[PDB]
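So the structure is just underneath, and the comments pick up after that.
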Amino acid sequence: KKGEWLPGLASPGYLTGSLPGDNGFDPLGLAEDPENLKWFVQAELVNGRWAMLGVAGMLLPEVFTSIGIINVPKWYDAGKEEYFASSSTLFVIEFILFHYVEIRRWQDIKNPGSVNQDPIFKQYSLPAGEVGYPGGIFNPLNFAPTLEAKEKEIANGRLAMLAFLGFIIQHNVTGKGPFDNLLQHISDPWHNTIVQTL
Amino acid sequence: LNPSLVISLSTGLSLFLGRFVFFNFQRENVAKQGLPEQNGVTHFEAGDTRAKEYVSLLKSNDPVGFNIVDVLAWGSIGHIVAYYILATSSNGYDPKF
Amino acid sequence: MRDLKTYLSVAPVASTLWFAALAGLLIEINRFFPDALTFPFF
Amino acid sequence: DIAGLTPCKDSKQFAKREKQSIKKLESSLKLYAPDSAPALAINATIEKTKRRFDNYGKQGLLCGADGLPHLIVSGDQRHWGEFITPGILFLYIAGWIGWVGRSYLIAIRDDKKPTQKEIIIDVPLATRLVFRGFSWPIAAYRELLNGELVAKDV
Amino acid sequence: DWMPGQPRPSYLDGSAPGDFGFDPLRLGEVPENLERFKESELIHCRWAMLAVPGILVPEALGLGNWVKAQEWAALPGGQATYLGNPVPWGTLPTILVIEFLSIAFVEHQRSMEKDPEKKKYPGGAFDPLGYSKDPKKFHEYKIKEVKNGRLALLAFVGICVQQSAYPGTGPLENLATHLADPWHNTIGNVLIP
Ligand code: CLA
Ligand code: CLA
Ligand code: CLA
Ligand SMILES: CC(/C=C/C=C(C)/C=C/[C@@]12O[C@]1(C)C[C@@H](O)CC2(C)C)=C\C=C\C=C(C)\C=C\C=C(C)\C=C\[C@@]12O[C@]1(C)C[C@@H](O)CC2(C)C
Ligand SMILES: CC1=C(/C=C/C(C)=C/C=C/C(C)=C\C=C/C=C(C)/C=C/C=C(C)/C=C/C2=C(C)CCCC2(C)C)C(C)(C)CCC1
Ligand SMILES: CCCCCCCCCCCCO[C@@H]1O[C@H](CO)[C@@H](O[C@H]2O[C@H](CO)[C@@H](O)[C@H](O)[C@H]2O)[C@H](O)[C@H]1O
């Protein structure tokens, strides 16, 4: 019993139950090949983490602004705002940095343990971890990376990926912010719904 | 501007380069590339009566082997460069920068 | 019964069902969204 | 505008075409009692005509001297709705169909009589496989990388 | 290793000067081509190491940038100026014939020698100070030349691409334009018009 996304339905044989978040869910057989399964485990990790941060930074500044504690533009209107650098400059910075980091992480995906040390400072390396869970400086509070911890990371990541999808599609149809949508719904739910939104 | 000057300079420099500069390169390339051959054998050995090369004219008492054919080739180059610079000087052509 | 489902699975019959469904679909789409040289939603 | 064309919203010939079409249908309409069903049909064609020309004018189609839309397929971002976007949609659907059919052929190829399922469709298997086409680009990209897309030494 | 985590090519053991294992297209798979590439790479590195200051220093002075310093030859009666001095032979056909004969002779002299190790590092008259003394220090100087020259090549690429992104500029003019407002003067504006 590892949990069933469809109760009656059996699990694909290639989902052992050793992966965190394994509810037996691969109806289109994308992870039948094991290398695909590894790659998609890293992909779900990174999409889920970025989605958690993004959903947070999209929803919380809005609810803070609407309460009045602070004044922050809407997540979609944040792009148009004026900043201390040209947005092109911001982009080139972001691209160079991500181009370095992502390629180091990728080196770890292909050849695990190969990028664990600082190439500048030959000391201050990383301990040997698992692909997708770098230890050392990346875990300063030194929490125990066990199951239920990884399972919670994946659960909040999946809920946050769905959340982000809901944010972009919602804002497309409603022209407002996600917390604005929640207020509008809680107002009169039976008459404020995607049914009435269309 | 003076045709005799440009033609004499260009042809003298061409003969000079072909004599003291590019002669060894020329000879090693014409030696490794060799005579044209059909079916693994030269055109004359294959039976073309008129494909025998002329060794009489190619003999020169010039110590290095520079001969009449070398004169004709390099001098031809020098005259083509010469009439190039002559014709190109009297142009009046100027591109708009 | 099993043999009849088998017959209904045969190439020409499955083809008429499949293309008839596809035709009804495309017809209705051109009924609610007629003309259209372009994808207007961008 | 592009290629010497003019927007159809600004084209005299385009509006002349809409006018002549509508007046033509109204010439047909003068023959029938306005309550009759032929009349309502010609009115529906007229409303559909106005919808047509108004939509072509709205969505930014350029017109030739002929007063007819011309499509800009160069890739100019002002006209991706004329080719590039419906083109990506097409490639998604065609890739879906071909990927599903290939999945079926691979699935039945080791059967005891393969041709048997090519002339009598295994509909349960087909239904199992149709929705693999939803993710066909990831599946085919992963197969290309893994070396499962192309047969070896053929 | 140029890219940590990547298996070095089979034919790059690290012994060569400037060999960090970079040949992702396996262009040095054949050894003859690789040796030719070491020679040609050093030639480009040295031309670049000479040409970069020749591009920058006249710009720091009142003389024009590296682009303007070629411009008299476009117009017919053009005469060059070296340090503001209208040099008499500055006409284009003059210095053009001069350049062809001189450059052709010298470089062709390199074409007619095949050691092949002398085609990379000849020395002799070209090492009068004798920096080839200590073979360890001479080899470290080989790494020195190769990294310096690769750096100069990259810089030259920056100069040409900046020149295309700001026609009629100077590397130091571009630099000053950046120093004015680094956060609003960037390649970002050229990449994103
Ligand atoms: C991530 C979870 C999540 C949550 C709890 C909400 C919540 C809400 N949505 Mg949203 N939405 C989501 C995901 C979510 N949505 C996704 C993934 C999409 C992309 C299709 C959308 C797109 C969407 C649209 C277009 C609209 C809403 C709207 C609404 C509001 C009214 C509900 C409604 O009208 O129909 C709900 C619409 C859906 C598409 C439901 C899909 C959500 C799936 C089924 C996951 C939820 C199941 C989950 C187990 C039950 C709740 C768990 C939760 C507590 C975490 C409401 C506050 C309406 C609105 O904004 O009001 C003006 C509306 O117009 N949503
Ligand atoms: C034409 C100049 C040139 C030449 C002949 C060489 C030759 C060589 N390099 Mg070098 N290198 C160069 C430029 C050059 N390099 C530059 C500019 C850099 C800085 C990025 C480096 C940095 C470098 C490193 C770190 C290493 C080498 C190595 C090598 C050796 C093995 C690789 C090989 O055989 O590829 C042969 C190369 C060619 C046949 C040239 C191909 C050029 C193609 C056709 C076009 C290139 C387009 C270019 C990207 C344009 C972009 C500019 C702009 C317009 C965007 C070899 C002898 C490896 C080695 O073992 O060192 C000995 C190694 O570790 N190189
Ligand atoms: C930082 C650049 C650099 C470095 C480290 C080297 C390194 C080396 N070179 Mg090389 N070379 C360079 C640039 C460089 N070179 C340039 C620009 C050229 C001109 C195209 C050459 C052409 C060249 C040849 C033909 C030969 C070498 C040789 C050698 C090797 C032994 C001699 C030596 O160590 O010289 C020591 C170098 C220095 C002490 C650097 C001095 C820098 C000062 C500031 C001079 C710069 C002044 C000015 C800016 C440039 C004008 C000078 C010009 C008029 C000559 C050695 C590995 C010889 C060899 O192969 O040995 C067997 C040899 O045959 N080099
Ligand atoms: C990365 C992500 C979102 C990241 C958002 C970010 C960074 C937001 C950034 C910013 O907000 C800040 C912070 C500040 C704002 O001012 C500006 C923006 C720019 C807005 C979402 C991923 C979202 C990813 C999603 C939704 C993925 C969904 C995948 C699904 C459902 C797949 C399911 C299946 O594949 C299985 C598992 C098995 C198969 O057999 C069957 C099928 C069904 C195919
Ligand atoms: C004896 C001797 C000597 C001398 C020599 C001499 C003096 C020489 C001469 C030589 C020469 C001096 C030669 C020449 C020339 C050649 C040729 C071969 C030519 C040509 C021409 C041409 C080919 C032309 C063409 C054309 C035409 C016709 C038309 C148009 C224009 C043109 C150009 C195209 C010495 C001392 C050194 C040494 C010892 C011995
Ligand atoms: C998904 C992972 C990677 C995602 C990468 C996303 C990259 C996004 C690139 C955004 C490009 C920024 O694009 C640039 O934005 C700036 C900032 O508003 C706009 O600039 C605008 O506002 C600035 C504010 O001073 C004015 O100077 C300018 O006149 C005006 O146009 C530029 O006109 C636009 O060219």
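Proteins come first, then strands; the chains are lettered A, B, ... in the order of their sequence lines, and each starts at number 1. Side chains included, hydrogens not; waters and symmetry mates left out as well; all remaining heavy atoms used.
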The side chain to side chain contact (heavy atoms under 4.5 Å, CB included) partners of A:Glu81 (sequence neighbours excluded) come to A:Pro73, A:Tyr83
Does atom [atom1] ([X]) have a neighbourhood of more than 12 heavy atoms from anything else shown, all under 6.0 Å?
| X | atom1 | answer |
| --- | --- | --- |
| A:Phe40 | CZ | yes |
| A:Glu82 | CD | no |
| A:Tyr133 | OH | yes |
| A:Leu53 | CG | yes |

Original post:
Roughly how far apart are D:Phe134 CZ and A:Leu28 CG, rounded to 0.5 Å?
Top reply: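 It is 8.0 Å, given to the nearest 0.5 Å.
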Taking atom types as modelled, which donor-acceptor pairs link chain A and chain D at under 3.5 angstrom?
residue, atom, partner, partner atom, Å
A:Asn36, OD1, D:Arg142, NE, 2.9
A:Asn36, OD1, D:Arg142, NH2, 3.3
A:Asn36, OD1, D:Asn146, ND2, 2.8

Practice item. Spell out the residues in residues 146-176 of chain A that have some non-hydrogen atom less than 4.5 Å away from a non-hydrogen atom of chain D, in order of number; otherwise answer 'none'. Key: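 Interface residues of residues 146-176 of chain A: none, nothing closer than 4.5 Å to chain D.
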Check: residues 92-100 of chain A side-chain donor-acceptor pairs under 3.5 Å, at least two apart:
none

